[PDB]
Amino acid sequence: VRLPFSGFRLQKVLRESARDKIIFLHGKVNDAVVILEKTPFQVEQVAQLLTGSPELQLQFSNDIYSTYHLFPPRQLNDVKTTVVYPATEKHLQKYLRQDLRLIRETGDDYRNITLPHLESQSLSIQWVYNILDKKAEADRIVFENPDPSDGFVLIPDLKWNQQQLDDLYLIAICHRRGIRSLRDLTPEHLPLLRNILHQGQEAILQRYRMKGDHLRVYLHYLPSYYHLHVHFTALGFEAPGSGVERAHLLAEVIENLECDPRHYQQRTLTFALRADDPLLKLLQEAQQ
């Protein structure tokens, strides 16, 4: 009934998520990670509490709505506490997560700052080509249009174990090379984009029995690697990644191109960067 160490000095919040009601703490002892997570409610305990006189403090009241701070008895307050002692530097590194900042990249900013900065790094996407010519992961191919210009390869995301449909996640990687991102799309890629959208959906209906209206289909701007690929996710599955600051629906990307051929070269795209990403600093410096 005690911690495996004496005393706890907070050195750094490695990561928090108010959505999941969780925190990851790094504290020195006497190196150790503590993790605190609020628990699910039990229906009967809450219902029992609400027939009575719960300890409440009013936050506000408007018409039929009202909110409060409730301070319930012991039974509902359980915090799942996961300690990690000792902690190597590799444990502290895998929990660390950087604050994100928003950036609004005009078309000119892309050509002058982002693109040059990207060309100065040499992101190897050799792994992608190995999938495309089946040197790697051929067993995982769900569907393929083999057309070198307008085709693609559909594969399940590495983390989706495939044992349920709640969290269905696939990605489509285009066969054609040199499409770095959203920024390179023009009406020329419309047939490719249409193939991914409608053949991708038809593929998933066949393999997994999931209708098209159960699919969020999108690209990421700022993607993690620079060779066009599209995400197909179950709609019921909510993660960061389908957020508006990063996800662009393929269907809408296609319609933008049909209405406005130069949309993705001329228009301003909004995305988030880690606060320590040199690109963030370079875009800021150029915008003031």
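For every residue, the number given is its place in the sequence shown, counted from 1.
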How many residues that are in the deposited sequence but not in the model lie between residue 61 and residue 62: none, 1 to 3, 4 to 9, or 10 or more? none
Mean Cα B-factor comparison, 32-40 or 241-249, giving the higher one as deposited: 32-40
Stretch with higher mean Cα temperature factor, 218-226 vs 232-240, is 232-240
Going by the CA temperature factor in the entry, name the top one among 149, 122, 206, 199. 122
Could you check 164, 181, 114, 195 and tell me which one carries the biggest Cα B-factor in the deposited entry? 164
Should residue 145 be placed in the lowest, middle or highest third of its chain by the C-alpha B factor in the entry? lowest
Relative to the other modelled residues of the same chain, rank the CA B-factor of residue 156 and answer lowest, middle or highest third. middle
Taking the C-alpha B-factors as the PDB entry records them, is residue 10 in the lowest, middle or highest third of its chain? highest
Residue 210: CA temperature factor from the record, placed by chain third, in the middle
Compared with the other modelled residues in the chain, in which third is the CA B-factor of residue 69? middle
